[PDB]
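Visitor: Here you go, data_3.pdb (PDB, C-alpha atoms and all ligand atoms):
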```
MODEL        1
ATOM      1  CA  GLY L   1       4.232  80.315 110.597
ATOM      2  CA  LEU L   2       1.247  78.870 108.793
ATOM      3  CA  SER L   3      -2.155  80.463 108.392
ATOM      4  CA  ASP L   4      -5.198  78.690 109.847
ATOM      5  CA  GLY L   5      -6.187  77.692 106.311
ATOM      6  CA  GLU L   6      -2.751  76.128 105.760
ATOM      7  CA  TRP L   7      -2.975  74.147 108.980
ATOM      8  CA  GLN L   8      -6.343  72.848 107.889
ATOM      9  CA  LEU L   9      -4.945  71.614 104.581
ATOM     10  CA  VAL L  10      -2.077  69.952 106.492
ATOM     11  CA  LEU L  11      -4.383  68.175 108.941
ATOM     12  CA  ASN L  12      -6.801  67.133 106.207
ATOM     13  CA  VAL L  13      -4.102  65.257 104.216
ATOM     14  CA  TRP L  14      -2.634  64.005 107.526
ATOM     15  CA  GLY L  15      -6.063  62.338 107.984
ATOM     16  CA  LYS L  16      -5.045  60.044 105.137
ATOM     17  CA  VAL L  17      -1.864  59.082 106.895
ATOM     18  CA  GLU L  18      -3.862  58.438 110.090
ATOM     19  CA  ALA L  19      -5.938  55.870 108.154
ATOM     20  CA  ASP L  20      -2.776  53.771 107.610
ATOM     21  CA  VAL L  21       0.116  55.117 109.660
ATOM     22  CA  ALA L  22       2.338  52.046 109.441
ATOM     23  CA  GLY L  23       2.023  51.616 105.668
ATOM     24  CA  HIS L  24       2.858  55.268 105.111
ATOM     25  CA  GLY L  25       5.768  55.017 107.581
ATOM     26  CA  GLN L  26       7.149  51.955 105.875
ATOM     27  CA  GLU L  27       7.048  53.709 102.484
ATOM     28  CA  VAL L  28       8.663  56.865 103.910
ATOM     29  CA  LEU L  29      11.652  55.003 105.352
ATOM     30  CA  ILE L  30      12.066  52.942 102.166
ATOM     31  CA  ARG L  31      12.062  56.134 100.078
ATOM     32  CA  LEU L  32      14.535  57.755 102.501
ATOM     33  CA  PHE L  33      16.925  54.780 102.434
ATOM     34  CA  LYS L  34      16.778  54.181  98.685
ATOM     35  CA  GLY L  35      17.062  57.891  97.948
ATOM     36  CA  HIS L  36      19.837  58.707 100.455
ATOM     37  CA  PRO L  37      21.635  55.438 101.198
ATOM     38  CA  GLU L  38      23.797  57.095 103.825
ATOM     39  CA  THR L  39      20.805  57.594 106.118
ATOM     40  CA  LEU L  40      20.565  53.843 106.548
ATOM     41  CA  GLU L  41      23.968  53.940 108.342
ATOM     42  CA  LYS L  42      22.316  55.633 111.394
ATOM     43  CA  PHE L  43      20.279  52.492 112.027
ATOM     44  CA  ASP L  44      22.335  49.664 113.478
ATOM     45  CA  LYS L  45      19.209  47.501 113.408
ATOM     46  CA  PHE L  46      18.779  47.912 109.621
ATOM     47  CA  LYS L  47      22.347  47.292 108.447
ATOM     48  CA  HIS L  48      21.548  43.906 106.890
ATOM     49  CA  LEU L  49      18.745  45.172 104.662
ATOM     50  CA  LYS L  50      20.441  44.907 101.267
ATOM     51  CA  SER L  51      17.453  45.578  98.997
ATOM     52  CA  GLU L  52      13.947  47.075  98.748
ATOM     53  CA  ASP L  53      12.477  43.548  99.113
ATOM     54  CA  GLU L  54      14.368  43.021 102.404
ATOM     55  CA  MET L  55      13.206  46.471 103.549
ATOM     56  CA  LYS L  56       9.606  45.593 102.602
ATOM     57  CA  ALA L  57       9.722  42.383 104.633
ATOM     58  CA  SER L  58      11.279  43.880 107.791
ATOM     59  CA  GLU L  59       8.779  44.029 110.576
ATOM     60  CA  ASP L  60      11.110  46.284 112.565
ATOM     61  CA  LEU L  61      11.360  48.739 109.654
ATOM     62  CA  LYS L  62       7.560  48.973 109.492
ATOM     63  CA  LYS L  63       7.286  49.405 113.253
ATOM     64  CA  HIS L  64       9.905  52.144 113.185
ATOM     65  CA  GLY L  65       8.093  53.863 110.303
ATOM     66  CA  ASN L  66       4.937  53.712 112.467
ATOM     67  CA  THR L  67       6.760  55.232 115.440
ATOM     68  CA  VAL L  68       8.178  58.058 113.306
ATOM     69  CA  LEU L  69       4.878  59.093 111.707
ATOM     70  CA  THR L  70       2.925  58.704 114.956
ATOM     71  CA  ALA L  71       5.318  61.191 116.564
ATOM     72  CA  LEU L  72       5.251  63.594 113.628
ATOM     73  CA  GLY L  73       1.448  63.433 113.649
ATOM     74  CA  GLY L  74       1.514  64.399 117.329
ATOM     75  CA  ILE L  75       3.599  67.436 116.378
ATOM     76  CA  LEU L  76       1.535  68.469 113.372
ATOM     77  CA  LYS L  77      -1.706  68.351 115.351
ATOM     78  CA  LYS L  78      -0.320  71.006 117.707
ATOM     79  CA  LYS L  79      -0.116  73.390 114.720
ATOM     80  CA  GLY L  80       3.091  75.214 115.656
ATOM     81  CA  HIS L  81       2.459  75.224 119.405
ATOM     82  CA  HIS L  82       4.446  72.000 119.551
ATOM     83  CA  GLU L  83       7.321  72.830 121.924
ATOM     84  CA  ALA L  84       6.470  70.071 124.425
ATOM     85  CA  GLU L  85       6.266  67.481 121.658
ATOM     86  CA  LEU L  86       9.294  68.751 119.768
ATOM     87  CA  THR L  87      11.711  69.009 122.718
ATOM     88  CA  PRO L  88      12.170  65.294 123.545
ATOM     89  CA  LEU L  89      12.583  64.561 119.833
ATOM     90  CA  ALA L  90      15.254  67.245 119.429
ATOM     91  CA  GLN L  91      16.955  65.984 122.588
ATOM     92  CA  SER L  92      17.087  62.371 121.429
ATOM     93  CA  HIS L  93      17.920  63.187 117.816
ATOM     94  CA  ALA L  94      20.717  65.639 118.699
ATOM     95  CA  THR L  95      22.275  63.343 121.304
ATOM     96  CA  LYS L  96      21.662  59.616 121.010
ATOM     97  CA  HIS L  97      20.787  59.217 117.337
ATOM     98  CA  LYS L  98      23.131  61.844 115.893
ATOM     99  CA  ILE L  99      20.737  63.018 113.177
ATOM    100  CA  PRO L 100      21.820  66.083 111.217
ATOM    101  CA  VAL L 101      19.293  68.705 110.105
ATOM    102  CA  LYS L 102      20.135  67.692 106.545
ATOM    103  CA  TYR L 103      18.712  64.189 107.109
ATOM    104  CA  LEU L 104      15.594  65.898 108.460
ATOM    105  CA  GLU L 105      15.377  67.510 104.977
ATOM    106  CA  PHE L 106      15.717  64.106 103.311
ATOM    107  CA  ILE L 107      12.934  62.538 105.377
ATOM    108  CA  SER L 108      10.750  65.641 104.778
ATOM    109  CA  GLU L 109      11.232  65.015 101.021
ATOM    110  CA  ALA L 110      10.332  61.351 101.417
ATOM    111  CA  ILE L 111       7.196  62.258 103.361
ATOM    112  CA  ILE L 112       6.071  64.606 100.551
ATOM    113  CA  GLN L 113       6.936  62.010  97.931
ATOM    114  CA  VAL L 114       4.867  59.346  99.670
ATOM    115  CA  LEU L 115       1.899  61.694 100.104
ATOM    116  CA  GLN L 116       2.129  62.584  96.418
ATOM    117  CA  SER L 117       2.407  58.946  95.283
ATOM    118  CA  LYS L 118      -0.412  57.634  97.443
ATOM    119  CA  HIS L 119      -2.838  60.564  97.371
ATOM    120  CA  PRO L 120      -2.235  62.393  94.086
ATOM    121  CA  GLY L 121      -5.846  63.581  93.925
ATOM    122  CA  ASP L 122      -6.017  64.848  97.506
ATOM    123  CA  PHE L 123      -2.554  66.329  97.622
ATOM    124  CA  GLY L 124      -2.928  69.224  95.246
ATOM    125  CA  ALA L 125      -1.047  72.460  94.922
ATOM    126  CA  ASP L 126      -2.445  74.078  98.040
ATOM    127  CA  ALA L 127      -2.061  70.973 100.208
ATOM    128  CA  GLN L 128       1.516  70.408  98.993
ATOM    129  CA  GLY L 129       2.515  73.988  99.758
ATOM    130  CA  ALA L 130       0.953  73.857 103.216
ATOM    131  CA  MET L 131       2.638  70.543 104.033
ATOM    132  CA  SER L 132       6.004  71.881 102.815
ATOM    133  CA  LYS L 133       5.645  74.829 105.193
ATOM    134  CA  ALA L 134       4.667  72.636 108.114
ATOM    135  CA  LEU L 135       7.688  70.361 107.584
ATOM    136  CA  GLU L 136       9.907  73.373 107.207
ATOM    137  CA  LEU L 137       8.554  74.789 110.505
ATOM    138  CA  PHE L 138       9.369  71.408 112.098
ATOM    139  CA  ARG L 139      12.925  71.355 110.682
ATOM    140  CA  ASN L 140      13.555  74.982 111.686
ATOM    141  CA  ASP L 141      12.360  74.415 115.290
ATOM    142  CA  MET L 142      14.399  71.176 115.467
ATOM    143  CA  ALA L 143      17.442  73.121 114.248
ATOM    144  CA  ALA L 144      16.914  75.926 116.793
ATOM    145  CA  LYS L 145      16.632  73.401 119.625
ATOM    146  CA  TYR L 146      19.786  71.630 118.442
ATOM    147  CA  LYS L 147      21.669  74.968 118.504
ATOM    148  CA  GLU L 148      20.413  75.729 122.041
ATOM    149  CA  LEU L 149      21.577  72.252 123.092
ATOM    150  CA  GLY L 150      25.088  72.927 121.790
ATOM    151  CA  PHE L 151      24.831  71.234 118.401
ATOM    152  CA  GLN L 152      24.914  72.206 114.736
ATOM    153  CA  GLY L 153      21.678  73.664 113.336
TER     154      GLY L 153
HETATM  155  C1  LIG L 201      10.015  63.426 110.790
HETATM  156  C2  LIG L 201      11.233  63.207 111.322
HETATM  157  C3  LIG L 201      11.418  62.191 112.458
HETATM  158  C4  LIG L 201      10.617  61.867 113.467
HETATM  159  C5  LIG L 201       9.230  62.471 113.805
HETATM  160  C6  LIG L 201      11.272  60.822 114.245
HETATM  161  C7  LIG L 201      10.747  60.239 115.366
HETATM  162  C8  LIG L 201      11.421  59.254 116.085
HETATM  163  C9  LIG L 201      10.885  58.664 117.294
HETATM  164  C10 LIG L 201       9.505  59.035 117.877
HETATM  165  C11 LIG L 201      11.776  57.754 117.708
HETATM  166  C12 LIG L 201      11.690  56.866 118.983
HETATM  167  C13 LIG L 201      11.863  57.765 120.224
HETATM  168  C14 LIG L 201      13.162  58.542 120.261
HETATM  169  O1  LIG L 201      14.213  57.877 120.334
HETATM  170  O2  LIG L 201      13.128  59.792 120.162
HETATM  171  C15 LIG L 201      12.899  57.803 116.812
HETATM  172  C16 LIG L 201      14.027  56.989 116.911
HETATM  173  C17 LIG L 201      15.050  57.002 115.985
HETATM  174  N1  LIG L 201      15.197  57.839 114.920
HETATM  175 FE1  LIG L 201      13.947  59.367 114.368
HETATM  176  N2  LIG L 201      12.460  60.542 113.643
HETATM  177  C18 LIG L 201      12.619  61.347 112.553
HETATM  178  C19 LIG L 201      13.645  61.399 111.619
HETATM  179  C20 LIG L 201      14.761  60.557 111.692
HETATM  180  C21 LIG L 201      15.799  60.469 110.715
HETATM  181  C22 LIG L 201      15.842  61.322 109.428
HETATM  182  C23 LIG L 201      16.684  59.562 111.140
HETATM  183  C24 LIG L 201      17.990  59.072 110.463
HETATM  184  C25 LIG L 201      18.286  59.423 109.220
HETATM  185  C26 LIG L 201      16.212  59.058 112.390
HETATM  186  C27 LIG L 201      16.877  58.103 113.156
HETATM  187  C28 LIG L 201      16.354  57.509 114.275
HETATM  188  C29 LIG L 201      17.004  56.415 115.020
HETATM  189  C30 LIG L 201      18.336  55.799 114.579
HETATM  190  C31 LIG L 201      16.216  56.130 116.045
HETATM  191  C32 LIG L 201      16.378  54.989 117.097
HETATM  192  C33 LIG L 201      16.038  53.645 116.426
HETATM  193  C34 LIG L 201      16.246  52.357 117.172
HETATM  194  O3  LIG L 201      15.546  52.123 118.173
HETATM  195  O4  LIG L 201      17.110  51.551 116.748
HETATM  196  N3  LIG L 201      15.015  59.674 112.746
HETATM  197  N4  LIG L 201      12.684  58.720 115.786
ENDMDL
END
```
What would the structure in this file look like if it were written as structure tokens?

Guide:
Amino acid sequence: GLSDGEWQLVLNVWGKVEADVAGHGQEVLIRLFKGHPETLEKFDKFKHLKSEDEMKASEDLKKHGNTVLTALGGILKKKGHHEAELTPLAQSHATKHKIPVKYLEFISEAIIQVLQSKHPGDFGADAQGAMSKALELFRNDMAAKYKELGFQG
């Protein structure tokens, strides 16, 4: 539900993420886990990470962060017409990983926080608003797919 101008601002700051996907992904997950400690309970692989230093050293955390942002990038680049990319994610997140829409809100927050911390100059008022909207569109379409699949939106 974004304008063309809004999608442009989204893809322009996403260009910064594409210059270092894994570093941004790492920071996103660390911000998610430190901010909302309960999210860490969905990851049986990361149950032994007892501090930010342990999270920073984990090669599997950094690879997962890379996987997450690569996928989200794929979705953002479709500017709304992302059904084919969104479906498999909604399927796996509603069924196997058991990820509530609320945790999608927490990771959306962490994405924004990381963009703001790393690119303060490039992530101004207009780019922040546009990115909020894009993440909201993503959460809303994930939620609608979850409901169609028989789960809580
Ligand atoms: C921007 C939002 C997110 C995106 C784009 C995303 C993307 C992905 C992708 C691409 C995978 C691997 C393929 C698959 O299984 O579907 C994955 C796996 C996973 N995701 Fe998500 N994810 C997101 C948010 C979350 C959140 C918020 C959580 C938990 C709080 C989560 C938990 C997991 C888990 C537990 C796995 C499997 C990990 C493993 O192999 O041990 N994801 N995610």

Visitor: Evaluate the PyMOL selection byres (((chain L and resi 56-70) around 8) and not hetatm) and record the selected residues as a list in words, following the chain and residue labels used in the document.

Guide: residues 21, 22, 23, 24, 25, 26, 27, 28, 29, 30, 46, 52, 53, 54, 55, 71, 72, 73 and 74 of chain L

Visitor: For this structure, which residues satisfy the selection - the PyMOL selection byres (((not hetatm)) within 7 of (chain L and resi 201)) - when it is evaluated on the file as given? I want them as a list in words.

Guide: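 This file, filtered by the PyMOL selection byres (((not hetatm)) within 7 of (chain L and resi 201)), leaves residues 39, 40, 42, 43, 44, 45, 67, 68, 69, 71, 72, 88, 89, 92, 93, 97, 99, 103, 104, 106, 107 and 108 of chain L.
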
Visitor: Hey, can I get the axis-aligned box for range 58-67 of chain L? All listed atoms, 3 Å padding on each side, centre and edge lengths in Å to one decimal, as JSON.

Guide:
```
{"center_x": 8.1, "center_y": 49.6, "center_z": 111.6, "size_x": 12.4, "size_y": 17.4, "size_z": 13.6}
```

Visitor: Near range 131-135 of chain L, within 9 Å and counting all atoms listed in the file, which residues show up once chain neighbours fewer than 5 positions away are dropped, as a list in words?

Guide: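 In the requested format, the answer is residues 1, 2, 6, 7, 9, 10, 11, 13, 76, 79, 80, 105, 108, 109, 112, 126 and 140 of chain L.
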
Visitor: Between CA of residue 149 in chain L and CA of residue 78 in chain L, what is the distance in Å, rounded to a tenth?

Guide: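 That distance, rounded to one decimal, is 22.6 Å.
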
Visitor: Any chance you could work out the residue set of the PyMOL selection byres (((chain L and resi 141) around 10) and not hetatm) here, as a CSV table (one decimal) with C-alpha atoms, keeping the file's coordinate frame?

Guide:
```csv
chain,number,residue,atom,x,y,z
L,80,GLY,CA,3.1,75.2,115.7
L,82,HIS,CA,4.4,72.0,119.6
L,83,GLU,CA,7.3,72.8,121.9
L,86,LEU,CA,9.3,68.8,119.8
L,87,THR,CA,11.7,69.0,122.7
L,90,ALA,CA,15.3,67.2,119.4
L,135,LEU,CA,7.7,70.4,107.6
L,136,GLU,CA,9.9,73.4,107.2
L,137,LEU,CA,8.6,74.8,110.5
L,138,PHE,CA,9.4,71.4,112.1
L,139,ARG,CA,12.9,71.4,110.7
L,140,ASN,CA,13.6,75.0,111.7
L,142,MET,CA,14.4,71.2,115.5
L,143,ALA,CA,17.4,73.1,114.2
L,144,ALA,CA,16.9,75.9,116.8
L,145,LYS,CA,16.6,73.4,119.6
L,146,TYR,CA,19.8,71.6,118.4
L,147,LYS,CA,21.7,75.0,118.5
L,153,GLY,CA,21.7,73.7,113.3
```

Visitor: Return the single residue from L:47, L:102, L:96, L:16 that is closest to residue 114 in chain L, with distances computed using all atoms listed in the file.

Guide: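 Distance minimum relative to residue 114 in chain L lands on L:16.
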
Visitor: Please compute the CA of residue 110 in chain L-CA of residue 37 in chain L distance, one decimal, in Å.

Guide: 12.8 Å

Visitor: So the first atom is CA of residue 8 in chain L and the second is CA of residue 81 in chain L; what is the distance between them in Å, to one decimal place?

Guide: 14.7 Å

Visitor: Reconstruct N, CA, C and O atoms of range 24-36 of chain L; output as a compact mmCIF listing (two decimals), keeping the file's coordinate frame.

Guide:
```txt
# COMPACT_ATOMS: atom_id res chain seq x y z
N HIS L 24 2.18 54.05 105.56
CA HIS L 24 2.86 55.27 105.11
C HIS L 24 4.25 55.32 105.68
O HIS L 24 5.21 55.72 105.04
N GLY L 25 4.46 54.93 106.96
CA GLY L 25 5.77 55.02 107.58
C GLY L 25 6.78 54.11 106.88
O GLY L 25 7.92 54.53 106.70
N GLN L 26 6.31 52.92 106.59
CA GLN L 26 7.15 51.96 105.88
C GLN L 26 7.63 52.60 104.57
O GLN L 26 8.82 52.63 104.29
N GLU L 27 6.68 53.11 103.79
CA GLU L 27 7.05 53.71 102.48
C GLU L 27 8.00 54.88 102.66
O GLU L 27 8.94 55.08 101.86
N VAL L 28 7.76 55.77 103.62
CA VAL L 28 8.66 56.86 103.91
C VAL L 28 10.09 56.43 104.15
O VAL L 28 11.05 56.93 103.55
N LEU L 29 10.28 55.46 105.07
CA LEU L 29 11.65 55.00 105.35
C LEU L 29 12.26 54.34 104.12
O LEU L 29 13.46 54.60 103.92
N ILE L 30 11.48 53.58 103.37
CA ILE L 30 12.07 52.94 102.17
C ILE L 30 12.54 53.98 101.15
O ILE L 30 13.62 53.90 100.55
N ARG L 31 11.72 55.02 100.94
CA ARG L 31 12.06 56.13 100.08
C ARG L 31 13.26 56.92 100.58
O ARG L 31 14.11 57.22 99.72
N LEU L 32 13.41 57.14 101.88
CA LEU L 32 14.54 57.76 102.50
C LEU L 32 15.82 56.93 102.24
O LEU L 32 16.83 57.47 101.80
N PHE L 33 15.74 55.64 102.54
CA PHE L 33 16.92 54.78 102.43
C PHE L 33 17.37 54.53 101.00
O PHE L 33 18.58 54.41 100.76
N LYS L 34 16.43 54.42 100.10
CA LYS L 34 16.78 54.18 98.68
C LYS L 34 17.26 55.47 98.06
O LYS L 34 18.23 55.50 97.29
N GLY L 35 16.67 56.60 98.46
CA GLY L 35 17.06 57.89 97.95
C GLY L 35 18.38 58.40 98.44
O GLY L 35 19.09 59.14 97.74
N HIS L 36 18.68 58.23 99.73
CA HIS L 36 19.84 58.71 100.46
C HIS L 36 20.34 57.54 101.31
O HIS L 36 20.18 57.39 102.52
```
